[PDB]
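**Student:**
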Amino acid sequence: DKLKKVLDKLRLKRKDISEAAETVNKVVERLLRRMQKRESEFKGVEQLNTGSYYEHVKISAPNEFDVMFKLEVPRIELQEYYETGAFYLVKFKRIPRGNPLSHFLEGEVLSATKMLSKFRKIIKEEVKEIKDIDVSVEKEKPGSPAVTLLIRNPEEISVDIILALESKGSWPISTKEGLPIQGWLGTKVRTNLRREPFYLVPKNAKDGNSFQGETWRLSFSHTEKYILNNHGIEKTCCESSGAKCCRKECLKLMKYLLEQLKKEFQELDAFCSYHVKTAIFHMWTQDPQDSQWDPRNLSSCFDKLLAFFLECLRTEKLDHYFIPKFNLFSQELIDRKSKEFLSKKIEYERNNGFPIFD
Amino acid sequence: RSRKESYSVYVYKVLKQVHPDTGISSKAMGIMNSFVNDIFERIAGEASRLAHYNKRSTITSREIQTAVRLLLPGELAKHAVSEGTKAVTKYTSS
Amino acid sequence: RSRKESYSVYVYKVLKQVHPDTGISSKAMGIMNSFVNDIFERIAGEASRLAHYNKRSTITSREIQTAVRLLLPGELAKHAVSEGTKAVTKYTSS
Amino acid sequence: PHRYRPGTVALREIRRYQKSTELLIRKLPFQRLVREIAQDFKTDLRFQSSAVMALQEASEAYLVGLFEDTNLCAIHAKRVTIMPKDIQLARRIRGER
Amino acid sequence: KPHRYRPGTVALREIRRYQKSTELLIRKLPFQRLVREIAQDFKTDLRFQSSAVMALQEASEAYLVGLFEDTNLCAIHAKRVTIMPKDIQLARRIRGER
Amino acid sequence: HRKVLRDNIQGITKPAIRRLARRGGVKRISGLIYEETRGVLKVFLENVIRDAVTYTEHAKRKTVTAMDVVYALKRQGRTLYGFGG
Amino acid sequence: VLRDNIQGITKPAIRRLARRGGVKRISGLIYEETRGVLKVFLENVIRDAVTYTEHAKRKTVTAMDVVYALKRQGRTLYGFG
Amino acid sequence: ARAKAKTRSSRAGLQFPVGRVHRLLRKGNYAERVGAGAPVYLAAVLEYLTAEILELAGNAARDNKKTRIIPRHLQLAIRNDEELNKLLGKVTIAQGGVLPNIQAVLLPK
Amino acid sequence: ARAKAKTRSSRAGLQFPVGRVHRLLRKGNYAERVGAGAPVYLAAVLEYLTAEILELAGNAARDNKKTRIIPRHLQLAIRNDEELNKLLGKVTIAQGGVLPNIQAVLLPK
DNA sequence: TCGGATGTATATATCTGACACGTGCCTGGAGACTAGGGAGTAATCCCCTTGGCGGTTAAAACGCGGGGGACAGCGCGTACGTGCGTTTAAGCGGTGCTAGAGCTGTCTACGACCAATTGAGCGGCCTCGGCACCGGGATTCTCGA
DNA sequence: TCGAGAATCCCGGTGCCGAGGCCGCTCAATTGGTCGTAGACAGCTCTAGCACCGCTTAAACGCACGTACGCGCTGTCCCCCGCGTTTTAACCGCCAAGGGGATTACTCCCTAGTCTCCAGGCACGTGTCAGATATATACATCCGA
Ligand SMILES: [Zn+2]
Numbered sequence: 148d149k150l151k152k153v154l155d156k157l158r159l160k161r162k163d164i165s166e167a168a169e170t171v172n173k174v175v176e177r178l179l180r181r182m183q184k185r186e187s188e189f190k191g192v193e194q195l196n197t198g199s200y201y202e203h204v205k206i207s208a209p210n211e212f213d214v215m216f217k218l219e220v221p222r223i224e225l226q227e228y229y230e231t232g233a234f235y236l237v238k239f240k241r242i243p244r245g246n247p248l249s250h251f252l253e254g255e256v257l258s259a260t261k262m263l264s265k266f267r268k269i270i271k272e273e274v275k276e277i278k279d280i281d282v283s284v285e286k287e288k289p290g291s292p293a294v295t296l297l298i299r300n301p302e303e304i305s306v307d308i309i310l311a312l313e314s315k316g317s318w319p320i321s322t323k324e325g326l327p328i329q330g331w332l333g334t335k336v337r338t339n340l341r342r343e344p345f346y347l348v349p350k351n352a353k354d355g356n357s358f359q360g361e362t363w364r365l366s367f368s369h370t371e372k373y374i375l376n377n378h379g380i381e382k383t384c385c386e387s388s389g390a391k392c393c394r395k396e397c398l399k400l401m402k403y404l405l406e407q408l409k410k411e412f413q414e415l416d417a418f419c420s421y422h423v424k425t426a427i428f429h430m431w432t433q434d435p436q437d438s439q440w441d442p443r444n445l446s447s448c449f450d451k452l453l454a455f456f457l458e459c460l461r462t463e464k465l466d467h468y469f470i471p472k473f474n475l476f477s478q479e480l481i482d483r484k485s486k487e488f489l490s491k492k493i494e495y496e497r498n499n500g501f502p503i504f505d
Numbered sequence: 031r032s033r034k035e036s037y038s039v040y041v042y043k044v045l046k047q048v049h050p051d052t053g054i055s056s057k058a059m060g061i062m063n064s065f066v067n068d069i070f071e072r073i074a075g076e077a078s079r080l081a082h083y084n085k086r087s088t089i090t091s092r093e094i095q096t097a098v099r100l101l102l103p104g105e106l107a108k109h110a111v112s113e114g115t116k117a118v119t120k121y122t123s124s
Numbered sequence: 031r032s033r034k035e036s037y038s039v040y041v042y043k044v045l046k047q048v049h050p051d052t053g054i055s056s057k058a059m060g061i062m063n064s065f066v067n068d069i070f071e072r073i074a075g076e077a078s079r080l081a082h083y084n085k086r087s088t089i090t091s092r093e094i095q096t097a098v099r100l101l102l103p104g105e106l107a108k109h110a111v112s113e114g115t116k117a118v119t120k121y122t123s124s
Numbered sequence: 038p039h040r041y042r043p044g045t046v047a048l049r050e051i052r053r054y055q056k057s058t059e060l061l062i063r064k065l066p067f068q069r070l071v072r073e074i075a076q077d078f079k080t081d082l083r084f085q086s087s088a089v090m091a092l093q094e095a096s097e098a099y100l101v102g103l104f105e106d107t108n109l110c111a112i113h114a115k116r117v118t119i120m121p122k123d124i125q126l127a128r129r130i131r132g133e134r
Numbered sequence: 037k038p039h040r041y042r043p044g045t046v047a048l049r050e051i052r053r054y055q056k057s058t059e060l061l062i063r064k065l066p067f068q069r070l071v072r073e074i075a076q077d078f079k080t081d082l083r084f085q086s087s088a089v090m091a092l093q094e095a096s097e098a099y100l101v102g103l104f105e106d107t108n109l110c111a112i113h114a115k116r117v118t119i120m121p122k123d124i125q126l127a128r129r130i131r132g133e134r
Numbered sequence: 018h019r020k021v022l023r024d025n026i027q028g029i030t031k032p033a034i035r036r037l038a039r040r041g042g043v044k045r046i047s048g049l050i051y052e053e054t055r056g057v058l059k060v061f062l063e064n065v066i067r068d069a070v071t072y073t074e075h076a077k078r079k080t081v082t083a084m085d086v087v088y089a090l091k092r093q094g095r096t097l098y099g100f101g102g
Numbered sequence: 021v022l023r024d025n026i027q028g029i030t031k032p033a034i035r036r037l038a039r040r041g042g043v044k045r046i047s048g049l050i051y052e053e054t055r056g057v058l059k060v061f062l063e064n065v066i067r068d069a070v071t072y073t074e075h076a077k078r079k080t081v082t083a084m085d086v087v088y089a090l091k092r093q094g095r096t097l098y099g100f101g
Numbered sequence: 010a011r012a013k014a015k016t017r018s019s020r021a022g023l024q025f026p027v028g029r030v031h032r033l034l035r036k037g038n039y040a041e042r043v044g045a046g047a048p049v050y051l052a053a054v055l056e057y058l059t060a061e062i063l064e065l066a067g068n069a070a071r072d073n074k075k076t077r078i079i080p081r082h083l084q085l086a087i088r089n090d091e092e093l094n095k096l097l098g099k100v101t102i103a104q105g106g107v108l109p110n111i112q113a114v115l116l117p118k
Numbered sequence: 010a011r012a013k014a015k016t017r018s019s020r021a022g023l024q025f026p027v028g029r030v031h032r033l034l035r036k037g038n039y040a041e042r043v044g045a046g047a048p049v050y051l052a053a054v055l056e057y058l059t060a061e062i063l064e065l066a067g068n069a070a071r072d073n074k075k076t077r078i079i080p081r082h083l084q085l086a087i088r089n090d091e092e093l094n095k096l097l098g099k100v101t102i103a104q105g106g107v108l109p110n111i112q113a114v115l116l117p118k
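Protein chains in written order, with the entry's author numbering: chain K, 148 to 505; chain D, 31 to 124; chain H, 31 to 124; chain E, 38 to 134; chain A, 37 to 134; chain F, 18 to 102; chain B, 21 to 101; chain C, 10 to 118; chain G, 10 to 118.
#1: Just to confirm the assignment: which complete beta strand (DSSP E) runs, minimum length 3, are found wholly within the segment 285-330 of chain K?
#2: Which one of B/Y88, B/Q93 and B/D85 has the shortest CA to CA distance from A/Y99?
#3: Using DSSP with H/G/I as helix, E/B as strand and the rest coil, what is A/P38?
#4: What separation, rounded to the nearest whole angstrom, lies between the Cα atoms of residue 15 of chain A and H/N67?
#5: If you measure beta-carbon to beta-carbon, which residues of the segment 53-82 of chain H are closer than 8 angstroms to chain B?
#6: Tell me whether K/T260 sits in a helix, a strand or coil according to DSSP, three-state version.
#7: If you draw a straight line from the alpha carbon of K/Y495 to that of K/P209, how long is it in whole angstroms?
#8: Using the rule of at least 16 other Cβ atoms within 10 Å of the residue's Cβ for burial, across every protein chain shown, is K/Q226 buried or exposed?
#9: List the residues of chain B that D/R99 touches, going by C-beta distances under 8 angstroms, in chain order.
#10: Could you tell me which chain D residues have their CB closer than 8 angstroms to the CB of C/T16, listed as they occur along the chain?
#11: Quick check on K/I380: buried or exposed, where buried means 16 or more other Cβ atoms within 10 Å of its Cβ?
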């Protein structure tokens, strides 16, 4: 059927991106070596591996990539910003030796503006020293914290570099009810996952001039990668001595559906792949059995996912999987009329054999 | 049966705010109880001696602040002093 | 003019019984004064803590005797205890 | 035969005993010693168990500290062994004699 | 030929002389200046009664003399007669001040 | 069975001294450490137990409760945490 | 303000302090360490004395203040009050 | 009509009790009359210090995959710092162990 | 008619005052109520200790032909004993000097 | 440099007991009120801290020659680490007793408190003799031949 | 084992300033009662310390071997001592000004003391999940050839 052909095409797409991805990894690794050799406050920076396959990355053009550089910081303190904990403020507790980041403080709070400014400056200095491949830094885009590399070898590649802080302390109290897979992968696996650090990525809120450049959101890219690659109740699920399921195939179909609709209808700009991943996480929790995801029944499983999403559209409610009070479908994030538009598009595609996949 | 008073419940409450999923074994409860008692004793004794040197006869917040500034070594003094001042202000406001 | 109290006269009286022709210079008076104050402080503090451990609320001679038995090292304890008991008996007789 | 060279089992035993937390002196001999010493000051005394435990813990801590400082002196005097001159010097510096 | 004691005799004569007197061994005015300099960092425009400076001087003298006694013991322990900085650092480490 | 006791200080065996030393970070123990260690332990125990027994005798009792030993230790700057307070 | 006063503790003064202690042959690197040790000790004592005076609302660090600061660290001093 | 009871710990936003500390101050013979502002300050300071110890111990316990806290973890938390180790430089913790430490000269060539 | 005054130091056969010690005990916040037998005991103990120090110092002063007592003599008296030196093992005496002492190895052959 | 031997970290499966949580109740903490004494604030007195000048000689600073102590190297011997085999007594589980720790209930004596009275001790004078200082002589201890 | 020299002890005489005693006088210690509670003492209950017995086996004891470290001896060379000469700043004596400590009055508001009432925290009981334990691996490290 059309769906299997689409899967084949999606899979064949990795070949056209593999060489660019390799050049990107080469450049990034050179940059990391440079950053680790020089003496500065970013000496401990490292690449966070978040996956490079179509399933792991956000929707992107085939020659656009993103990487996260993680940094270590001692004993931070988090102050909630909203009522749902969508944003967080970072402050510092007692340090005996003296805070090495003292001169980046603004009042009691760490200034993201200063850190990104220094990060960008350092990147510009080191990228100037890469002599064998033409790598420069794109002019800073006001409103985007990424430092964007432009690589010309000889075709133009864009790499958005996002600085991410890493904290080894306790997980925030808001996430107490998050990750409800106690019945899906057992309690011990949940505990082992919750015994791991968490990440903070700079993000401005859309709430006035005050505190702009001083707000951060949580990142759990490691746990999500782990769950994606270890997703069965059976230890051998999707392994070489186990049986395949269609969980990732369904994810790919819905992500590609959204990608094509967003391409066709710029009305859909405010939707992203994170909504799809959250929805499918909820479905994987509701239907934990591998037999509820047989590849033979891929299309039927996809349809049962579609119906849930339409109801998610209709109630304007989609709780963040890690932060239950964080409603991804709030009025403020996505206008009701955009969701009604998406509903109409989804019903059209479902009733006409998905012509947008053509 | 005479029946005693300790600091078990309060220490447990404070623990449930900075590590929302760990427990604590009874031996550690005994240790923390004794530690709280000892610090309270040291601070109160120092405050009493201070109030007696200046011929005063009362303990205001100011003597407690000076005693804390004398015992705790280093930056702990600064942090604890700030915490105390904030708490007493928030109490007096209402 | 406020006007203070010390132990000069008493120390001088005690000196005039064990060396009937020597004097003592003012610096030594200061030293002996401070020494008397310090010993009195140590003994009284120990007695107070003892009286508080047993839930009592008073200081009898017995707590002072136990405190002396705890501080002074060695045979000094025996001699001082005997002196105290003799004095208190001679006082209570009349 | 697989004899280790001298100076290896000692380092293994250090790496192990500096990591556990149990008690290192047998119990009953220590209890007998405590009662023997106590008899001189007063006759027919009865001990709670927790009192004996407290005495044992304090004694272990004291001895461990003393041996650490003795080892420091022994290294300072260009050696590796420890001998009673070391212990006497440590106790004389700390102010207990 | 001029008369000259062999090395190591005036040392013992001066030990015998100094272990017997009582007056102070640090010049007054330099110590007063040093005390005022150090107090400058915690408050501004302080005024010291003279006896306070005297008390500080006596305490410092006693502390240093104790330290040198213990250092000399450590030095003699290691088949020497000359004290060196490692001796002082060892003495302060054992005594518990570090 | 008020049987008096004698020569129990030999109960602190040789391997016990060895293990205590190993915890401290030593590598070669000479052959005369044992007597010095036993002497030091005897002195320390005497000093603690005398004050413990005085604290008991003050309160008209025959049982040396652990809280008394904690007080006796605390009086010599060896505060002990974990046995009541 | 004042600067470079630690060089007021001359070398002969340290020689005399050592001689009272019972030392025979002082090396040549002792002075640079004795000065540091003395500086640390004075810093601690003076900080405690100034805290007492600041609390009492005064501007004159009297002898009793230094005596109390000394007594706090277990170095009692007899002979000033 | 009496207004509804409202504990002082609530009005101060603390966790340690304040009434209990006030009673202990009054009936311990520290001074003749205890001001009304002291107990709040003292409770705040105690709470802060206990928060410090518990947080550090919790980190060290989660380090080696244990849910609870046992005295070894408390000893590890206290002995590593630079100020806490100076505030408790005389205190023995039962069943505490010691810090791993081997001198530099003993190790073989 | 009131009987003639008779000080308590007289009825106890002491030299240190007893009224003054009683006042100090009451107004120092040591306990709620001070028994009536404590001051006599405490004054006796203080008198005995001062007698000890003064007698030893006087002997040492008459040793080298001086009529008065100066701090050096007090330091000599205290530092020679075996128990007094242990009761005052932490106390510095102003203008006290030290005990004559030279090690055994430094002396020439 | 390598392979064999040994020791330690890891994953899995199974039990068991202590800790996290309800539940009932009780006593001490909070609310409202009243009284009085400690402390805060303003004003005045005088003393003792800072600041400076100028002369005097004691001590610090610099430089020089050389006797002796720190240090490295080597060689030798005994004594303490390692391992194996044997003998002693420590844990451990379980009885069984009773001494004394702890609690409750009366009831007497004694320490706080108050009021009037008076003499011991403190501050402020005076005064002379114990000691610091000078200077000369005798005694002793160190060094080279 | 001795002269020669340099440093210290002994001793006789002088000057002064600090210790010792005297005189007001005022404020704290005494005497004399009253009372309301804290400590003394008897009597009862029930926990917890002591004493004992059999056994299962982990730790202590004892002996052999030999290798690495403690200790003693030699040589050497550079750093610290002793002394002389110059140069600097500590000391001592005397003014002179004024910030600040110390004392007095007075008045007001904050804390002690009571009485009532109601909820926070403690003793008790319970059920299940975290950790201890046993066994089989898989990997890290040391030692001779
Ligand atoms: Zn699968």
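Beta carbons are placed, not taken as given, at the ideal position from N, Cα and C, and that holds for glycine.
**Tutor:** With the given structure in hand:
#1: 294-299 and 303-314
#2: B/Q93
#3: coil
#4: The question about residue 15 of chain A has no answer, for chain A in this structure spans 37 to 134.
#5: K57, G60, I61, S64, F65 and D68
#6: helix
#7: 28 angstroms
#8: exposed
#9: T71
#10: Simply none; closest approach about 12 angstroms.
#11: exposed
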